[PDB]
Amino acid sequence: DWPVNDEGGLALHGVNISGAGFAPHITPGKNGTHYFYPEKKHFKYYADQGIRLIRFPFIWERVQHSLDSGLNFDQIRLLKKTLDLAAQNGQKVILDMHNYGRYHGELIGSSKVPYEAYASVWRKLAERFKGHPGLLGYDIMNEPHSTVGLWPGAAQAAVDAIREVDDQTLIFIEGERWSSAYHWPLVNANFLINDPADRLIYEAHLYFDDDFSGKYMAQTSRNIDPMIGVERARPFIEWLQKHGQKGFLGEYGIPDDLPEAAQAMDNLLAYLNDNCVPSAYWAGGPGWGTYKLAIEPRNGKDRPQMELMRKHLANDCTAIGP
């Protein structure tokens, strides 16, 4: 069910779309003020650009205000709208619970947030979204970090729960240390989640600055090697090949004002094509303003990162690699 290109090959390279996970310190917060959902124009523009793959961040706190409460009707309705609009424009969506291994600041697997709670919300979500034509899958957790050994058990708890209700949808599994691609083989040496459906994909993020953060601060963004993207991806790709697993580069992005990051992005996307590995650019959609990384057009004008992308949209892949 992975999205395909019209001319052949797979829709490997997509875009992260804002902005339902914005200002996560403000919960539940208000749609239209603190966070934002995309409209038909955003889906239409990316489709026009040949992009059929979308990763869409939301936060747990906004689908469930408390663990003793049910799902928020409006937030699900907003997510359904996202899936609908994506589908109408020939795109498929990866829903990303953008929660960093935490719920209301507490670790999933802690006494305040039992594994049971995390399994439930995903089982309820899978019940809500099951069979939707705009749904590609569930990125069950974004950028787990500092979880003190909690994350692997949490991941399995959610996967087991989803599969009780939905054996067909893809599940995307991220790893510890903010799911860093470069650190993957050290941090997730023996990371393995069980899925009888054979519908799991491991997902890392990869930025080009000295601290791996994607902040692109001035001191950490001098001297970007044009092969730094390939170099930071390779460890992840080789880990996947060794364990016979499929991969996804769920985040990567470059500031507009760094010519060296542009070269690094080109070489990175070339390398991912050679392995038939998909990716999602950070980021596009509503509410980004003049964010340097943002790939959202301004005044009708395509951004340099979108122009850089187009060269790499074509492929002859029939399966997700590596």
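Note that residue numbering follows the sequence shown and begins at 1.
* Asked: Do the CA atoms of 191-199 or those of 247-255 have the higher mean B-factor in the entry?
  -> Looking at the record's C-alpha B-factors, the answer is 191-199.
* Would 212-220 or 139-147 have the larger average of its C-alpha temperature factors, as given in the entry? -> Higher of the two, by average CA B-factor, is 212-220.
* **Maximum C-alpha temperature factor, selected from 226, 105, 175, 153** => So the option with the highest C-alpha B-factor is 226.
* Among 262, 280, 63, 277, which residue carries the highest C-alpha B-factor recorded in the PDB entry? -> Out of 262, 280, 63, 277, the record gives the largest C-alpha B-factor to 262.
* Going by what the PDB entry lists, where does residue 205 fall on CA B-factor within its chain: lowest, middle or highest third? -> Tercile = lowest for this residue's CA B-factor.
* To do: Determine, from the deposited record, the chain-internal third of the Cα B-factor for residue 89: lowest, middle or highest.
  => It falls in the middle third of the chain.
* Against its chain's modelled residues, does residue 72's Cα B factor rank lowest, middle or highest third? -> Its C-alpha B-factor, which the entry lists for residue 72, ranks in the middle third among residues of this chain.
* Asked: C-alpha B factor of residue 100, ranked within the chain: lowest, middle or highest third?
  -> CA B-factor rank for residue 100: lowest third.
* To do: Divide the modelled residues of the chain into thirds by Cα B-factor and specify which third, lowest, middle or highest, holds residue 314.
  => For residue 314, the deposited C-alpha B-factor lands in the middle third.
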